[PDB]
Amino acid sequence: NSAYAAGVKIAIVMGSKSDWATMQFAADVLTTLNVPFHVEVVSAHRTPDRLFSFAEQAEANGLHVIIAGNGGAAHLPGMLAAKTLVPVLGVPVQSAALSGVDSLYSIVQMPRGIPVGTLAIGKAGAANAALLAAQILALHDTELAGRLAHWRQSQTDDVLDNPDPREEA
């Protein structure tokens, strides 16, 4: 909702509570970067009316990026993107039989006119959706841009400081 103007510009949404094992990796990156966020379960198929209400009110609620995770016939990101101009980033959750290929195809293959920016299958894509969302915010947030640069430099240094994989860090 919009009771407090508290700087929440990102929502992490997902189609099922079981997706939180994957989507928590997006939340953790935003916590590290001091970026406020909202989390919510919204199902394209079990709560279609709530998907439309969430998307319709995204701008009024102050959102600038929605990160949406779903799997299988993964319709949540695309249906959200059809109903708002707020950018939607999609995370394919790994599915059991098809190992997320169904998830990936049903998110990334959007037809011309309604985009979803898609990230890798699973927890790598959830972390990366948070980083891409933060990179978008940082276009107009120089202090966040500095925190992203530090985050990247730390990741780079951790590899450079441990070049021989036979040795412990």
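Start at 1 and count along the sequence shown; that's the residue number.
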Higher-scoring stretch by recorded Cα B factor average, 5-13 or 21-29: 21-29
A127, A58, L144, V101, ranked by C-alpha B-factor: the highest one: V101
Position of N70 among the chain's modelled residues by C-alpha B-factor, lowest, middle or highest third: highest
Third of the chain, ranked by Cα B-factor, where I114 sits: highest
Chain-relative CA temperature factor third for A97: highest
Record-listed C-alpha B factor of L137: chain third: lowest
Third of the chain, ranked by Cα B-factor, where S43 sits: highest
